[PDB]
Structures are given as C-alpha cells and as structure tokens.
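Step one of this worksheet: look at the structure below.
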Amino acid sequence: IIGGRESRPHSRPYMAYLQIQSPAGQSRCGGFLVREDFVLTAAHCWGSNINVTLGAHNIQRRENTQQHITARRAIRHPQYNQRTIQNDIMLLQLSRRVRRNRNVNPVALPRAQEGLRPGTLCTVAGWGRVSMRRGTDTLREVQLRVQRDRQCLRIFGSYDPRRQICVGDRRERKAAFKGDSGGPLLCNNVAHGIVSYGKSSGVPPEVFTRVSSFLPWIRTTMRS
Ligand SMILES: *P(=O)(O)[C@H](CCCCN)NC(=O)[C@@H]1CCCN1C(=O)[C@@H](NC(=O)CCC(=O)O)C(C)C
C-alpha cells in the first residue's frame, strides 16, 4: 500500500495473507474471507501450493490470533485471461474451516449487479510494498476514490466497466502496490473489489475486479 497508514491491529478480521509456492517467499498476495471455508483473491495469484494466514497483523511474527490453513482447492475463474488480466478472480477452498472469532470472520459481499458511483471513498488494505524501496511487516490501508469508467477506458486497453472498477485519483499518491493483489476494496463496509493491476509506477488510476459481476459464479462454486 502506497500512501496509507498502519491499520489498527485486528480491525479487519477478514484479511488473508497468502504464501504462494515454496520456498517461503516464491510469491505473496492478499485475499479476504467470504465464508468460514472460502477465501476470495486474484486469479493471477494462483499457485500449486498456497498457505493462507488469517488473524494476522504482523506477518513476520508468531501471533496467537493467527490461523494457518492450506488451500485445498484454488478455483480460478474459467474465463481468466492472463494476457489481458481479465476476470482476475479466484476462490480458495480451505482444507478446513476457520475457527470464527473477533479476530477472524467473513466480510459482507455486495448484492449482484450492484454498481458504484464515481467519487465514492473506499478502503483497500494489504501487506504489499509501500514504495519501490521498502515493504511492511504489518497491515496497512488507504482510502481511494472511485473514478469514472470513462477514465480507465482511455488508459487501459482491455478495461471492461462491467467487470472491473477504475479506482484512484491521479492527483494523490495513494494506491495498492506489489503484494496487495487479491486484497478487498471496501466501499461502505462491503467488499466491492479485488486488487488486480495498474501502471508499474503505482500512479493511479488502477484497476480492480468488480465483485458484484461474479456473484452467480461465486454462489455456484461455494454451494457445489
Ligand atoms: P499484485 O500484488 O500482484 C499487483 C498489484 C499492482 C497494484 C498496482 N496499483 N498486481 C500486479 O502486479 C498485476 C498482475 C501482474 C501484472 N500486474 C501488473 O499490474 C503490471 N502492470 C500492468 O500490466 C499494466 C502496466 C501499464 O499499463 O503500465 C506490472 C506492474 C507488473
């Protein structure tokens, strides 16, 4: 997270830290708990073996609130396009359910086909880097402002307003960064987006997967 602040510890109990493939440091992403046995994250964060950490603040310490569970299944959206980075969403079925408490619980998802008005303030959080030079051991967050689709539509070639969201005022040095992928975009306490991609510079506006466009796929994957 660029330009954010450290989150109050354990105030976002749905946040997940993903350790993708061995050794310990092959690749990392964020994610969020949507049910006691399912984690939603970005499809581009896919890996052969994924270790999910829940209940964390400082990921470099053995905290008693932490729960480590390996993903039993990593279900990428069937239409995920790695080239255009379209349909960048994936469900992680945990090998075992989380033991639900004040430090570990699901986030509310939006209703299907639920849009978002440009100018709306949303919060994004993660353990990604804060700059090109340094990272963070603890959870951070930042408030980003939703942009008109029209704006990303002329910056990113494969942008699709119906499945993605344009986020971030270019006039502020606030954005998600490397390692924050898969993290939630919470607008009015509901997980509306998933960190996906942007300019390498980290210069807004960036692109988030629009969660409400995938509800039927979400409900079918978790039910079945
Ligand atoms: P996530 O931690 O893996 C990362 C989050 C970037 C947040 C930027 N505000 N996403 C990420 O690296 C995605 C998936 C792989 C490709 N992504 C990149 O974003 C790349 N950028 C683009 O393709 C767009 C480049 C542009 O039009 O200038 C780079 C950053 C690797």
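Ligands are numbered from 1 in the order shown, chains are lettered A, B, ... in the order of the structure tokens, and residues start at 1 in each chain.
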
Near-residue 2 (chain A) list (8 Å; only C-alpha atoms; drop same-chain fewer than 5 positions) as a list in words: residues 129, 130, 131, 142, 173, 174, 175, 176, 177 and 202 of chain A

Exercise answer, 8 Å around ligand 1 with only C-alpha atoms and all ligand atoms, as a ChimeraX atom specification: /A:28-30,44-45,84-85,128,155-156,175-182,195-207

Alpha helix (DSSP H) call set, DSSP backbone run, region 136-186 of chain A, as an NGL selection string: :A and (149-153)

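When the distance limit is 7 Å and only C-alpha atoms are what count, the residues near residue 68 (chain A), minus those fewer than 2 positions from it on the same chain, are residues 51, 52, 53, 54, 66 and 70 of chain A.
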
Sorted by chain and rising residue number, which residues of region 194-221 of chain A lie within 9 Å of region 106-117 of chain A, and what are their closest atom pairs and distances in Å to one decimal, counting only C-alpha atoms, as a tab-separated table?
```
residue	atom	partner	partner_atom	distance
A:210	CA	A:115	CA	8.8
A:211	CA	A:110	CA	7.5
A:212	CA	A:112	CA	4.8
A:213	CA	A:113	CA	5.8
A:214	CA	A:112	CA	7.7
A:215	CA	A:112	CA	5.8
A:216	CA	A:112	CA	7.8
```

Dump as a PDB file, in the first residue's frame, selection limited to N, CA, C and O atoms:
```
ATOM      1  N   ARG A 210     -14.474  -6.185 -10.358  1.00  0.00           N
ATOM      2  CA  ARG A 210     -15.756  -5.810  -9.742  1.00  0.00           C
ATOM      3  C   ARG A 210     -16.464  -7.058  -9.209  1.00  0.00           C
ATOM      4  O   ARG A 210     -17.015  -7.858  -9.981  1.00  0.00           O
ATOM      5  N   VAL A 211     -16.414  -7.288  -7.904  1.00  0.00           N
ATOM      6  CA  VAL A 211     -17.020  -8.460  -7.287  1.00  0.00           C
ATOM      7  C   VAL A 211     -18.488  -8.769  -7.602  1.00  0.00           C
ATOM      8  O   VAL A 211     -18.838  -9.926  -7.793  1.00  0.00           O
ATOM      9  N   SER A 212     -19.341  -7.749  -7.657  1.00  0.00           N
ATOM     10  CA  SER A 212     -20.765  -7.950  -7.907  1.00  0.00           C
ATOM     11  C   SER A 212     -21.105  -8.576  -9.260  1.00  0.00           C
ATOM     12  O   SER A 212     -22.202  -9.103  -9.441  1.00  0.00           O
ATOM     13  N   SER A 213     -20.168  -8.530 -10.205  1.00  0.00           N
ATOM     14  CA  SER A 213     -20.391  -9.119 -11.525  1.00  0.00           C
ATOM     15  C   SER A 213     -20.180 -10.624 -11.520  1.00  0.00           C
ATOM     16  O   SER A 213     -20.580 -11.306 -12.450  1.00  0.00           O
ATOM     17  N   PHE A 214     -19.598 -11.147 -10.449  1.00  0.00           N
ATOM     18  CA  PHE A 214     -19.291 -12.573 -10.370  1.00  0.00           C
ATOM     19  C   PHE A 214     -20.047 -13.362  -9.317  1.00  0.00           C
ATOM     20  O   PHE A 214     -19.718 -14.514  -9.074  1.00  0.00           O
ATOM     21  N   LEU A 215     -21.036 -12.734  -8.680  1.00  0.00           N
ATOM     22  CA  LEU A 215     -21.845 -13.373  -7.624  1.00  0.00           C
ATOM     23  C   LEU A 215     -22.414 -14.751  -7.985  1.00  0.00           C
ATOM     24  O   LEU A 215     -22.282 -15.688  -7.202  1.00  0.00           O
ATOM     25  N   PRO A 216     -23.078 -14.890  -9.154  1.00  0.00           N
ATOM     26  CA  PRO A 216     -23.619 -16.204  -9.520  1.00  0.00           C
ATOM     27  C   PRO A 216     -22.520 -17.262  -9.607  1.00  0.00           C
ATOM     28  O   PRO A 216     -22.728 -18.403  -9.218  1.00  0.00           O
TER      29      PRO A 216
END
```

Residue nearest residue 47 (chain A) among A:76, A:64, A:33, A:136 (counting only C-alpha atoms): A:76

Surrounding residues of region 77-80 of chain A excluding itself and chain neighbours under 3 positions, 10 Å, only C-alpha atoms, as a ChimeraX atom specification: /A:42-44,74,83-91,214,217-218,221

Those residues you just picked out, can you put them in a file as a compact mmCIF listing (two decimals), in the first residue's frame with N, CA and C atoms?
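So the final result, stored in part_27.txt, reads:
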```
# COMPACT_ATOMS: atom_id res chain seq x y z
N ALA A 42 -7.19 -12.84 -6.12
CA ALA A 42 -7.00 -12.66 -7.56
C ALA A 42 -6.52 -13.94 -8.22
N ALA A 43 -7.03 -14.23 -9.41
CA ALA A 43 -6.65 -15.45 -10.13
C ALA A 43 -5.20 -15.45 -10.53
N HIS A 44 -4.62 -14.26 -10.71
CA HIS A 44 -3.22 -14.15 -11.09
C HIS A 44 -2.30 -14.55 -9.95
N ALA A 74 -7.88 -24.31 -5.40
CA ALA A 74 -7.70 -22.96 -5.93
C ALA A 74 -8.44 -22.91 -7.26
N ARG A 83 -3.28 -12.78 -20.18
CA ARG A 83 -2.69 -11.80 -21.12
C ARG A 83 -3.29 -10.39 -20.95
N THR A 84 -4.60 -10.34 -20.84
CA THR A 84 -5.33 -9.06 -20.70
C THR A 84 -5.68 -8.79 -19.23
N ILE A 85 -5.43 -9.80 -18.41
CA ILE A 85 -5.68 -9.76 -16.95
C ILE A 85 -7.16 -9.49 -16.67
N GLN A 86 -7.98 -10.16 -17.46
CA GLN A 86 -9.44 -10.07 -17.37
C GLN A 86 -9.97 -11.24 -16.52
N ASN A 87 -11.08 -10.98 -15.84
CA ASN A 87 -11.73 -11.98 -14.97
C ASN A 87 -10.72 -12.50 -13.93
N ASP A 88 -10.01 -11.55 -13.36
CA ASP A 88 -8.98 -11.81 -12.35
C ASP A 88 -9.62 -12.03 -10.97
N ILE A 89 -10.18 -13.21 -10.80
CA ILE A 89 -10.84 -13.61 -9.54
C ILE A 89 -10.66 -15.12 -9.35
N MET A 90 -10.49 -15.50 -8.09
CA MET A 90 -10.28 -16.90 -7.73
C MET A 90 -10.77 -17.18 -6.30
N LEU A 91 -11.36 -18.34 -6.16
CA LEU A 91 -11.88 -18.82 -4.87
C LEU A 91 -10.95 -19.90 -4.33
N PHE A 214 -19.60 -11.15 -10.45
CA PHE A 214 -19.29 -12.57 -10.37
C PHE A 214 -20.05 -13.36 -9.32
N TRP A 217 -21.36 -16.90 -10.14
CA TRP A 217 -20.24 -17.84 -10.23
C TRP A 217 -19.74 -18.11 -8.83
N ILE A 218 -19.77 -17.08 -7.98
CA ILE A 218 -19.31 -17.22 -6.60
C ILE A 218 -20.22 -18.16 -5.81
N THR A 221 -19.93 -21.87 -7.13
CA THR A 221 -18.68 -22.52 -6.73
C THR A 221 -18.68 -22.91 -5.25
```

Distance query residue 24 (chain A) at most 12 Å, only C-alpha atoms, self and fewer than 3 positions along chain excluded, as a ChimeraX atom specification: /A:18-21,27-28,49-51,60

Next, dump the selected residues to file, keeping only N, CA, C and O atoms, as a PDB file, in the first residue's frame.
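Wrote it out as out17.pdb, contents follow:
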```pdb
ATOM      1  N   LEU A  18      -1.524 -14.539   1.783  1.00  0.00           N
ATOM      2  CA  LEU A  18      -1.256 -15.755   1.025  1.00  0.00           C
ATOM      3  C   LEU A  18       0.190 -15.965   0.677  1.00  0.00           C
ATOM      4  O   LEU A  18       0.828 -15.105   0.079  1.00  0.00           O
ATOM      5  N   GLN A  19       0.672 -17.070   1.096  1.00  0.00           N
ATOM      6  CA  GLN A  19       2.029 -17.517   0.756  1.00  0.00           C
ATOM      7  C   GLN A  19       1.967 -18.565  -0.360  1.00  0.00           C
ATOM      8  O   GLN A  19       1.294 -19.599  -0.230  1.00  0.00           O
ATOM      9  N   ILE A  20       2.345 -18.151  -1.591  1.00  0.00           N
ATOM     10  CA  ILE A  20       2.197 -18.980  -2.777  1.00  0.00           C
ATOM     11  C   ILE A  20       3.466 -19.692  -3.234  1.00  0.00           C
ATOM     12  O   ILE A  20       4.459 -19.052  -3.579  1.00  0.00           O
ATOM     13  N   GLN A  21       3.426 -21.021  -3.161  1.00  0.00           N
ATOM     14  CA  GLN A  21       4.520 -21.907  -3.560  1.00  0.00           C
ATOM     15  C   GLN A  21       5.794 -21.802  -2.727  1.00  0.00           C
ATOM     16  O   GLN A  21       6.081 -20.765  -2.127  1.00  0.00           O
ATOM     17  N   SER A  27       6.202 -16.183  -3.902  1.00  0.00           N
ATOM     18  CA  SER A  27       5.245 -15.124  -4.310  1.00  0.00           C
ATOM     19  C   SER A  27       4.217 -14.907  -3.194  1.00  0.00           C
ATOM     20  O   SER A  27       3.852 -15.839  -2.476  1.00  0.00           O
ATOM     21  N   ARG A  28       3.746 -13.665  -3.049  1.00  0.00           N
ATOM     22  CA  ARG A  28       2.754 -13.344  -1.994  1.00  0.00           C
ATOM     23  C   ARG A  28       1.630 -12.445  -2.530  1.00  0.00           C
ATOM     24  O   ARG A  28       1.815 -11.668  -3.473  1.00  0.00           O
ATOM     25  N   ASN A  49       0.704 -24.574  -4.589  1.00  0.00           N
ATOM     26  CA  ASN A  49       0.507 -24.776  -3.164  1.00  0.00           C
ATOM     27  C   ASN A  49       0.363 -23.407  -2.538  1.00  0.00           C
ATOM     28  O   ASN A  49       1.225 -22.555  -2.723  1.00  0.00           O
ATOM     29  N   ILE A  50      -0.731 -23.190  -1.814  1.00  0.00           N
ATOM     30  CA  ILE A  50      -0.980 -21.902  -1.180  1.00  0.00           C
ATOM     31  C   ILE A  50      -1.307 -22.045   0.307  1.00  0.00           C
ATOM     32  O   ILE A  50      -2.210 -22.792   0.695  1.00  0.00           O
ATOM     33  N   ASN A  51      -0.532 -21.342   1.129  1.00  0.00           N
ATOM     34  CA  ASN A  51      -0.714 -21.330   2.576  1.00  0.00           C
ATOM     35  C   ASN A  51      -1.404 -20.027   2.977  1.00  0.00           C
ATOM     36  O   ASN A  51      -0.853 -18.952   2.802  1.00  0.00           O
ATOM     37  N   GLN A  60       5.346 -11.251  10.163  1.00  0.00           N
ATOM     38  CA  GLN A  60       6.685 -11.767  10.447  1.00  0.00           C
ATOM     39  C   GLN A  60       6.828 -12.248  11.877  1.00  0.00           C
ATOM     40  O   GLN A  60       7.934 -12.516  12.340  1.00  0.00           O
TER      41      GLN A  60
END
```

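Residues of region 55-160 of chain A carrying a DSSP assignment of strand (DSSP E), computed from the backbone, are residues 67, 68, 69, 70, 71, 72, 73, 74, 75, 76, 90, 91, 92, 93, 94, 121, 122, 123, 124, 125, 126, 140, 141, 142, 143, 144 and 145 of chain A.
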
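CA of residue 145 (chain A) is found 23.8 Å from CA of residue 9 (chain A).
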
Atom pair CA of residue 82 (chain A) / CA of residue 138 (chain A): separation (Å): 29.4 Å

Length of the CA of residue 96 (chain A) to CA of residue 209 (chain A) vector [Å]: 26.6 Å

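Residue nearest residue 104 (chain A), chosen from A:6, A:36, A:160, A:172 and counting only C-alpha atoms: A:36.
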
Who sits within 8 Å of residue 73 (chain A), only C-alpha atoms, same chain under 4 positions skipped, as a list in words: residues 92, 93, 94 and 95 of chain A

Dump N, CA, C and O atoms for the selected residues as a short mmCIF file (atom, residue, chain, number, x, y, z; two decimals), in the first residue's frame?
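Output file out-v6.cif follows:
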```
data_model
loop_
_atom_site.label_atom_id
_atom_site.label_comp_id
_atom_site.auth_asym_id
_atom_site.auth_seq_id
_atom_site.Cartn_x
_atom_site.Cartn_y
_atom_site.Cartn_z
N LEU A 92 -10.65 -19.77 -3.07
CA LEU A 92 -9.78 -20.72 -2.37
C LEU A 92 -10.58 -21.49 -1.33
O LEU A 92 -11.03 -20.92 -0.33
N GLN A 93 -10.76 -22.77 -1.57
CA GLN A 93 -11.46 -23.62 -0.61
C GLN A 93 -10.41 -24.12 0.38
O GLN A 93 -9.48 -24.84 0.01
N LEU A 94 -10.57 -23.71 1.62
CA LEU A 94 -9.64 -24.09 2.69
C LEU A 94 -9.81 -25.57 3.04
O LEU A 94 -10.91 -26.13 2.96
N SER A 95 -8.68 -26.18 3.42
CA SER A 95 -8.64 -27.61 3.78
C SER A 95 -9.51 -27.85 5.02
O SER A 95 -10.00 -28.97 5.26
#
```
